[PDB]
Structure formats: C-alpha cells, structure tokens
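Asker: File model_5.pdb below, PDB, C-alpha atoms:
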```
ATOM      1  CA  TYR I 357     -16.941  24.970  -5.956  1.00  0.00           C
ATOM      2  CA  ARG I 358     -15.049  25.712  -9.174  1.00  0.00           C
ATOM      3  CA  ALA I 359     -13.317  23.887 -11.953  1.00  0.00           C
ATOM      4  CA  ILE I 360     -10.138  24.967 -13.694  1.00  0.00           C
ATOM      5  CA  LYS I 361     -11.026  26.737 -16.923  1.00  0.00           C
ATOM      6  CA  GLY I 362      -9.004  26.273 -20.092  1.00  0.00           C
ATOM      7  CA  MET I 363      -7.306  23.083 -18.943  1.00  0.00           C
ATOM      8  CA  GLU I 364      -7.531  19.811 -20.740  1.00  0.00           C
ATOM      9  CA  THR I 365      -8.458  16.905 -18.605  1.00  0.00           C
ATOM     10  CA  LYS I 366      -8.106  13.550 -20.221  1.00  0.00           C
ATOM     11  CA  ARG I 367      -8.410  10.010 -18.968  1.00  0.00           C
ATOM     12  CA  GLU I 368      -8.761   6.688 -20.738  1.00  0.00           C
ATOM     13  CA  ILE I 369     -11.951   4.905 -19.978  1.00  0.00           C
ATOM     14  CA  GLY I 370     -13.060   1.748 -21.667  1.00  0.00           C
ATOM     15  CA  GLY I 371     -10.208   2.194 -24.080  1.00  0.00           C
ATOM     16  CA  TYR I 372     -11.254   5.570 -25.269  1.00  0.00           C
ATOM     17  CA  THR I 373      -9.689   8.752 -24.135  1.00  0.00           C
ATOM     18  CA  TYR I 374     -12.119  11.111 -22.552  1.00  0.00           C
ATOM     19  CA  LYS I 375     -11.163  14.678 -22.871  1.00  0.00           C
ATOM     20  CA  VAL I 376     -12.828  17.593 -21.250  1.00  0.00           C
ATOM     21  CA  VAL I 377     -11.714  21.091 -21.940  1.00  0.00           C
ATOM     22  CA  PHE I 378     -13.291  23.435 -19.474  1.00  0.00           C
ATOM     23  CA  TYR I 379     -15.723  25.972 -20.929  1.00  0.00           C
ATOM     24  CA  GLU I 380     -15.119  24.581 -24.376  1.00  0.00           C
ATOM     25  CA  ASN I 381     -15.975  21.032 -25.340  1.00  0.00           C
ATOM     26  CA  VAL I 382     -15.630  17.344 -24.509  1.00  0.00           C
ATOM     27  CA  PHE I 383     -14.412  14.491 -26.666  1.00  0.00           C
ATOM     28  CA  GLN I 384     -14.419  10.764 -26.506  1.00  0.00           C
ATOM     29  CA  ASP I 385     -11.440   9.577 -28.541  1.00  0.00           C
ATOM     30  CA  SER I 386     -12.180  11.726 -31.532  1.00  0.00           C
ATOM     31  CA  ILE I 387     -15.957  11.887 -31.122  1.00  0.00           C
ATOM     32  CA  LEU I 388     -17.379  15.209 -30.035  1.00  0.00           C
ATOM     33  CA  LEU I 389     -19.239  14.551 -26.928  1.00  0.00           C
ATOM     34  CA  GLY I 390     -20.698  17.865 -26.095  1.00  0.00           C
ATOM     35  CA  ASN I 391     -20.195  21.545 -26.009  1.00  0.00           C
ATOM     36  CA  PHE I 392     -20.513  23.407 -22.783  1.00  0.00           C
ATOM     37  CA  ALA I 393     -23.988  24.846 -22.621  1.00  0.00           C
ATOM     38  CA  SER I 394     -24.497  25.748 -18.972  1.00  0.00           C
ATOM     39  CA  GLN I 395     -22.855  24.987 -15.674  1.00  0.00           C
ATOM     40  CA  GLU I 396     -23.658  25.786 -12.081  1.00  0.00           C
ATOM     41  CA  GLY I 397     -21.200  25.394  -9.290  1.00  0.00           C
ATOM     42  CA  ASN I 398     -19.317  22.245 -10.051  1.00  0.00           C
ATOM     43  CA  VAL I 399     -21.892  20.518 -12.210  1.00  0.00           C
ATOM     44  CA  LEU I 400     -21.399  21.072 -15.865  1.00  0.00           C
ATOM     45  CA  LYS I 401     -23.831  20.336 -18.754  1.00  0.00           C
ATOM     46  CA  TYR I 402     -22.462  19.682 -22.206  1.00  0.00           C
ATOM     47  CA  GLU I 403     -24.714  19.139 -25.176  1.00  0.00           C
ATOM     48  CA  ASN I 404     -24.902  19.562 -28.965  1.00  0.00           C
ATOM     49  CA  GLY I 405     -21.985  17.244 -29.602  1.00  0.00           C
ATOM     50  CA  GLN I 406     -21.713  14.729 -32.446  1.00  0.00           C
ATOM     51  CA  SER I 407     -24.967  13.383 -34.017  1.00  0.00           C
ATOM     52  CA  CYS I 408     -26.361  10.197 -32.537  1.00  0.00           C
ATOM     53  CA  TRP I 409     -29.669   8.425 -33.041  1.00  0.00           C
ATOM     54  CA  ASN I 410     -32.573   8.680 -30.532  1.00  0.00           C
ATOM     55  CA  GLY I 411     -31.052  11.903 -29.419  1.00  0.00           C
ATOM     56  CA  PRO I 412     -30.202  15.097 -31.296  1.00  0.00           C
ATOM     57  CA  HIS I 413     -26.466  14.961 -30.550  1.00  0.00           C
ATOM     58  CA  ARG I 414     -24.332  13.634 -27.721  1.00  0.00           C
ATOM     59  CA  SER I 415     -24.411  15.249 -24.365  1.00  0.00           C
ATOM     60  CA  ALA I 416     -23.010  14.626 -20.909  1.00  0.00           C
ATOM     61  CA  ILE I 417     -23.242  15.894 -17.444  1.00  0.00           C
ATOM     62  CA  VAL I 418     -20.028  16.226 -15.610  1.00  0.00           C
ATOM     63  CA  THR I 419     -20.108  16.478 -11.953  1.00  0.00           C
ATOM     64  CA  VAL I 420     -16.771  17.734 -10.711  1.00  0.00           C
ATOM     65  CA  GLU I 421     -16.479  17.065  -7.077  1.00  0.00           C
ATOM     66  CA  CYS I 422     -13.910  17.392  -4.344  1.00  0.00           C
ATOM     67  CA  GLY I 423     -10.655  15.764  -5.304  1.00  0.00           C
ATOM     68  CA  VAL I 424      -6.920  16.126  -5.310  1.00  0.00           C
ATOM     69  CA  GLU I 425      -6.593  16.637  -9.074  1.00  0.00           C
ATOM     70  CA  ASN I 426      -8.719  17.161 -12.095  1.00  0.00           C
ATOM     71  CA  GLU I 427      -9.430  13.595 -13.120  1.00  0.00           C
ATOM     72  CA  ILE I 428     -12.240  11.819 -14.972  1.00  0.00           C
ATOM     73  CA  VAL I 429     -13.689   9.376 -12.543  1.00  0.00           C
ATOM     74  CA  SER I 430     -16.480   7.585 -14.353  1.00  0.00           C
ATOM     75  CA  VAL I 431     -18.693   7.724 -17.382  1.00  0.00           C
ATOM     76  CA  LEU I 432     -22.001   6.071 -17.234  1.00  0.00           C
ATOM     77  CA  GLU I 433     -24.522   6.070 -20.023  1.00  0.00           C
ATOM     78  CA  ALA I 434     -27.586   7.905 -18.740  1.00  0.00           C
ATOM     79  CA  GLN I 435     -29.706   7.404 -21.773  1.00  0.00           C
ATOM     80  CA  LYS I 436     -27.653   6.803 -24.925  1.00  0.00           C
ATOM     81  CA  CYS I 437     -26.442  10.131 -26.213  1.00  0.00           C
ATOM     82  CA  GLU I 438     -26.194  11.507 -22.753  1.00  0.00           C
ATOM     83  CA  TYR I 439     -23.739  10.246 -20.230  1.00  0.00           C
ATOM     84  CA  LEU I 440     -23.151  11.039 -16.604  1.00  0.00           C
ATOM     85  CA  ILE I 441     -19.529  11.637 -15.941  1.00  0.00           C
ATOM     86  CA  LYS I 442     -18.055  12.181 -12.571  1.00  0.00           C
ATOM     87  CA  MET I 443     -14.853  14.074 -12.055  1.00  0.00           C
ATOM     88  CA  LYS I 444     -12.918  15.464  -9.228  1.00  0.00           C
ATOM     89  CA  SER I 445     -10.915  18.600  -8.707  1.00  0.00           C
ATOM     90  CA  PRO I 446      -9.390  20.416  -5.670  1.00  0.00           C
ATOM     91  CA  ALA I 447     -11.285  23.539  -6.675  1.00  0.00           C
ATOM     92  CA  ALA I 448     -14.544  21.589  -6.564  1.00  0.00           C
ATOM     93  CA  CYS I 449     -14.012  20.998  -2.953  1.00  0.00           C
ATOM     94  CA  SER I 450     -15.737  23.633  -0.826  1.00  0.00           C
TER      95      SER I 450
END
```
Once more with this new file: its structure as structure tokens, please.

Answerer:
Amino acid sequence: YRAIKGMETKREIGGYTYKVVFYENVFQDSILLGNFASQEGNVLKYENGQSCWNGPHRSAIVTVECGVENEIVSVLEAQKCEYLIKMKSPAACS
C-alpha cells in the first residue's frame, strides 16, 4: 500500500478543484486544506491548513485505496474543518 509521492492529483468536486500533492499539501481551489502531518500505509492525515472557525485550521484524511489511477473519489465533511476524502491509486492496491 503506497501512494505516488511528488505527484499532483487534482479533481473537480462540487465546482472546486481538489488538489493533493503527495507528502506536501492539499488545496481546495486556492484554499489550503492541509499539510501532510503523518501517514500510515495508504491513509494520509493532513492538517494545519488554512484557518477556519471551530477548528484551528483545515484538515483532511485521505484514504487512498486500490484503484487504476490516482484520482480523488469523494470529499465528505467530517466535522467542518476536517474532511474525509477517498482516493484511489494502483499503488494503494496490495
């Protein structure tokens, strides 16, 4: 279970372009979602993004699962500053 480091993965969701750059940072349109803090296997935690209320800054958990290509699958608001994003990648398979 790996994810391709250095690559930009971007996908439009809800009208906004989600962009995840592996081992760097994530953006939603132009908003800084989160910076990569820690990741295990194929599940990546990004936090300390752009300031939001009721949270310190944005954050998201990306779960990169088995897929054919590195694509953003879904982004669901977990709390408000934190979102659960599902992704797929061939390297996240086995």

Asker: I need the output of the PyMOL selection byres ((chain I and resi 361) around 7) for this file as a list in words; which residues are they?

Answerer: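 Residues picked by the PyMOL selection byres ((chain I and resi 361) around 7): residues 359, 360, 362, 363, 378 and 379 of chain I.
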
Asker: Could you tell me, as a ChimeraX atom specification, exactly which residues end up selected when the PyMOL selection byres ((chain I and resi 435) around 12) is applied to this structure?

Answerer: /I:408-411,414-417,431-434,436-440

Asker: Please, could you write that set of residues out with C-alpha atoms as a compact mmCIF listing (two decimals), in the coordinates of the input?

Answerer:
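Result written to part-v7.txt:
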```txt
# COMPACT_ATOMS: atom_id res chain seq x y z
CA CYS I 408 -26.36 10.20 -32.54
CA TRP I 409 -29.67 8.43 -33.04
CA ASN I 410 -32.57 8.68 -30.53
CA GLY I 411 -31.05 11.90 -29.42
CA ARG I 414 -24.33 13.63 -27.72
CA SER I 415 -24.41 15.25 -24.36
CA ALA I 416 -23.01 14.63 -20.91
CA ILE I 417 -23.24 15.89 -17.44
CA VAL I 431 -18.69 7.72 -17.38
CA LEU I 432 -22.00 6.07 -17.23
CA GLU I 433 -24.52 6.07 -20.02
CA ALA I 434 -27.59 7.90 -18.74
CA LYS I 436 -27.65 6.80 -24.92
CA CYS I 437 -26.44 10.13 -26.21
CA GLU I 438 -26.19 11.51 -22.75
CA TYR I 439 -23.74 10.25 -20.23
CA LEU I 440 -23.15 11.04 -16.60
```

Asker: Just how far from CA of residue 401 (chain I) is CA of residue 450 (chain I), in Å to one decimal?

Answerer: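 CA of residue 450 (chain I) sits 19.9 Å away from CA of residue 401 (chain I).
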
Asker: Mind pulling up the distance from CA of residue 419 (chain I) to CA of residue 392 (chain I)?

Answerer: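 It comes out at 12.9 Å.
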
Asker: For the file shown, report as a ChimeraX atom specification the outcome of the PyMOL selection byres ((chain I and resi 384-388) around 6) at residue level.

Answerer: /I:372-374,383,389-390,405-406

Asker: At what distance in Å, to one decimal, does CA of residue 443 (chain I) lie from CA of residue 427 (chain I)?

Answerer: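 Calculated distance between CA of residue 427 (chain I) and CA of residue 443 (chain I) is 5.5 Å.
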
Asker: Please determine, counting only C-alpha atoms, which residue among I:448, I:418, I:429, I:369 has the shortest atom-to-atom distance to residue 391 (chain I).

Answerer: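 Closest residue, counting only C-alpha atoms: I:418.
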
Asker: Taking into account all atoms listed in the file, which residue in the set I:376, I:364, I:357, I:400 is nearest to residue 423 (chain I)?

Answerer: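 Of the candidates, the smallest distance to residue 423 (chain I) is held by I:357.
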
Asker: Check the smallest atom-to-atom distance from each of I:430, I:403, I:422, I:396 to residue 446 (chain I) using only C-alpha atoms, then report the winner.

Answerer: I:422

Asker: Using only C-alpha atoms, pick whichever of I:425, I:370, I:442, I:381 has the shortest atom-to-atom distance to residue 393 (chain I).

Answerer: I:381

Asker: Quick one: of I:375, I:382, I:444, I:358, who's nearest to residue 397 (chain I), counting only C-alpha atoms?

Answerer: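 Result for the nearest residue to residue 397 (chain I): I:358.
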
Asker: Rank I:420, I:407, I:445, I:365 by their smallest atom-to-atom distance to residue 395 (chain I), using all atoms listed in the file, and report the top residue only.

Answerer: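 Once distances to residue 395 (chain I) are computed over all atoms listed in the file, the minimum belongs to I:420.
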